[PDB]
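For reference, data.pdb is printed below; it contains PDB, C-alpha atoms.
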```
ATOM      1  CA  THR A   1       1.760 -10.342  -6.323  1.00  0.00           C
ATOM      2  CA  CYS A   2       2.008  -7.123  -4.277  1.00  0.00           C
ATOM      3  CA  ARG A   3       4.103  -5.177  -1.763  1.00  0.00           C
ATOM      4  CA  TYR A   4       3.597  -4.169   1.885  1.00  0.00           C
ATOM      5  CA  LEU A   5       3.869  -1.048   4.066  1.00  0.00           C
ATOM      6  CA  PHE A   6       6.093   1.634   2.512  1.00  0.00           C
ATOM      7  CA  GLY A   7       6.295  -0.544  -0.620  1.00  0.00           C
ATOM      8  CA  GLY A   8       7.672   1.600  -3.486  1.00  0.00           C
ATOM      9  CA  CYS A   9       4.378   1.975  -5.393  1.00  0.00           C
ATOM     10  CA  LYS A  10       2.930   4.312  -8.014  1.00  0.00           C
ATOM     11  CA  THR A  11      -0.714   3.319  -7.413  1.00  0.00           C
ATOM     12  CA  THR A  12      -2.989   1.700  -4.794  1.00  0.00           C
ATOM     13  CA  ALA A  13      -3.425  -1.399  -6.992  1.00  0.00           C
ATOM     14  CA  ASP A  14       0.338  -1.964  -6.600  1.00  0.00           C
ATOM     15  CA  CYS A  15       0.099  -2.968  -2.912  1.00  0.00           C
ATOM     16  CA  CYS A  16      -1.285  -6.152  -1.317  1.00  0.00           C
ATOM     17  CA  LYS A  17      -4.918  -6.629  -0.203  1.00  0.00           C
ATOM     18  CA  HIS A  18      -4.446  -4.286   2.785  1.00  0.00           C
ATOM     19  CA  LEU A  19      -1.931  -1.562   1.870  1.00  0.00           C
ATOM     20  CA  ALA A  20      -2.846   1.743   0.208  1.00  0.00           C
ATOM     21  CA  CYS A  21      -0.310   3.385  -2.127  1.00  0.00           C
ATOM     22  CA  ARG A  22      -0.575   6.902  -0.656  1.00  0.00           C
ATOM     23  CA  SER A  23       0.557   9.665  -3.033  1.00  0.00           C
ATOM     24  CA  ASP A  24       2.420  11.144  -0.032  1.00  0.00           C
ATOM     25  CA  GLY A  25       5.754   9.607  -1.072  1.00  0.00           C
ATOM     26  CA  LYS A  26       4.288   6.956  -3.406  1.00  0.00           C
ATOM     27  CA  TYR A  27       4.336   4.279  -0.682  1.00  0.00           C
ATOM     28  CA  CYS A  28       1.894   1.443   0.103  1.00  0.00           C
ATOM     29  CA  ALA A  29       0.518   1.513   3.672  1.00  0.00           C
ATOM     30  CA  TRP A  30      -2.622  -0.245   4.963  1.00  0.00           C
ATOM     31  CA  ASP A  31      -5.137   1.493   7.247  1.00  0.00           C
ATOM     32  CA  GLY A  32      -6.742  -0.525  10.070  1.00  0.00           C
ATOM     33  CA  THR A  33      -8.376  -3.771   8.879  1.00  0.00           C
ATOM     34  CA  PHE A  34     -11.684  -5.240   7.648  1.00  0.00           C
TER      35      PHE A  34
END
```
Represent the structure from my file as structure tokens, please.
Amino acid sequence: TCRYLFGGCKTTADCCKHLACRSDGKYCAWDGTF
């Protein structure tokens, strides 16, 4: 269970396997890909 880009998050572990909860607005956003 996770969220996607701009997903209201409080931590990086709160997003999916690609997003990154950035502290700049507590939002999950992925960066590039693997």
- prompt: If you measure from CA of residue 31 in chain A to CA of residue 19 in chain A, what distance in Å do you get, rounded to one decimal?
  reply: 7.0 Å
field: Between CA of residue 29 in chain A and CA of residue 6 in chain A, distance in Å (one decimal)
entry: 5.7 Å
- request: Within 10 Å of residue 15 in chain A, counting all atoms listed in the file, which residues show up once you throw out same-chain ones fewer than 3 positions away? Write them as a list in words, please.
  value: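 Here the answer would be residues 1, 2, 3, 4, 5, 6, 7, 8, 9, 10, 11, 12, 18, 19, 20, 21, 27, 28, 29 and 30 of chain A.
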How big is the axis-aligned box, and where does its centre sit, when it encloses all atoms of range 11-15 of chain A listed in the file and has 5 Å added on every side, reported in Å to one decimal as JSON?
```
{"center_x": -1.5, "center_y": 0.2, "center_z": -5.2, "size_x": 13.8, "size_y": 16.3, "size_z": 14.5}
```
